[PDB]
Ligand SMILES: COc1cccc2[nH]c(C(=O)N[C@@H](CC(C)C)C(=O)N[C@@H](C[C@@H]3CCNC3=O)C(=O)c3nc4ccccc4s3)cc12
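Just the one chain here, the form deposited without this ligand, laid out as structure tokens.
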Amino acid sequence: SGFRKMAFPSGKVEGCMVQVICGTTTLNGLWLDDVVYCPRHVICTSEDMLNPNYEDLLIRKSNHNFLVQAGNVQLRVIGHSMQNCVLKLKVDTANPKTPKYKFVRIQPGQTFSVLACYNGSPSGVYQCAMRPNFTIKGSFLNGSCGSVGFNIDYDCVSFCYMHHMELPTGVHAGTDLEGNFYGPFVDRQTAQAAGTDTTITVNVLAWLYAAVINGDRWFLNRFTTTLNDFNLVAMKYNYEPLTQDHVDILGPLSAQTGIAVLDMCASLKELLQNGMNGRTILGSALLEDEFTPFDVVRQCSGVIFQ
């Protein structure tokens, strides 16, 4: 009953948030076992960031230079090392709250929850999607660096994102928890451009299935379309071309609603050319692409008449 953009419960991730201080720089860290993971730019100063030699700057830093706070308790840094763009600080105490975890690399189109933190304190949680241009449309401010993205699958927390920087366009950039950036970005103060952002069509189709499940059918029409002649409209409107694996992923939602995938593609084609003409789908005046088919199934779980 109802459809909302929902984040995963953040509890398991809050128990891991710590504050990391290095000289004049303060950001957030993720305490898993006796290792703290944080953006490696923490070892820099604004001047360093113009062209930082992270290897040379990491030589000059010692275990004493890193101040880690888990609430009011201080943690002893007994070792340090760098892995791509992430700094790994080995602490003396293991985090008793370390959940069952794994470092995963999500694909563009996929969603995750973000826990925004300031000075090692959780502030809020929101659901995000990895845009096809490898940026996120988030809400982060000074001190948010080190804030993580994650999904929860049963008892396991899959960490997939760590916030590093904001791009001139207002969008955000970061790495997986192995330090590897998503997209063509670098942790260096240089002119950077996000790229062209296409709309995630598989997600838009999923959202239209969620709208039908919640009683919105004005957009449904007698017309049908082919996969090939839909991708032609998708080229004009900057929508991703629909692959066969994506059509199959929409199988369960198609089977439930009894609307064939290409009949939903015809409705999508019509909304692109003619527009919504004042009407709203799920109370939104625009087509939403930030819900994966799995997110729709998670809330719009219904029966299938085979």
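From 1 onward, residues are counted along the sequence shown.
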{"query": "Higher-scoring stretch by recorded Cα B factor average, 273 to 281 or 249 to 257", "finding": "273 to 281"}
{"query": "Stretch with the higher entry mean CA B-factor, where the candidates are 56 to 64 and 33 to 41", "finding": "56 to 64"}
{"query": "Most elevated Cα B-factor in the entry, residues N221, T135, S144, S121", "finding": "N221"}
{"query": "Deposited CA B-factor, highest of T201, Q127, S158, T226", "finding": "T226"}
{"query": "B-factor third for the C-alpha atom of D176 within its chain", "finding": "lowest"}
{"query": "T26 - Cα temperature factor, lowest/middle/highest third of chain", "finding": "middle"}
{"query": "Where the record places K90 (Cα B-factor, split into thirds across the chain)", "finding": "middle"}
{"query": "For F112, the third of its chain into which the C-alpha B factor falls", "finding": "lowest"}
{"query": "Lowest, middle or highest third - CA B-factor, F230", "finding": "highest"}
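Form deposited with this ligand bound: not shown, discussed below.
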| item | value |
| --- | --- |
| Partner-contacting position among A94, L141, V73, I78 - heavy atom within 4.5 Å of this ligand in the deposited bound form | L141 |
| Non-hydrogen atom contact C145 with this ligand in the deposited bound form at 4.5 angstroms | yes |
| In the deposited bound form, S123 touching this ligand (heavy atom, 4.5 Å) | no |
| 4.5 Å heavy atom contact, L262 to this ligand in the deposited bound form | no |
| Interface membership of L27, this ligand in the deposited bound form, 4.5 Å heavy atom rule | yes |
| Triplet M49, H172 and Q189 all within 4.5 Å of this ligand in the deposited bound form via a heavy atom | yes |
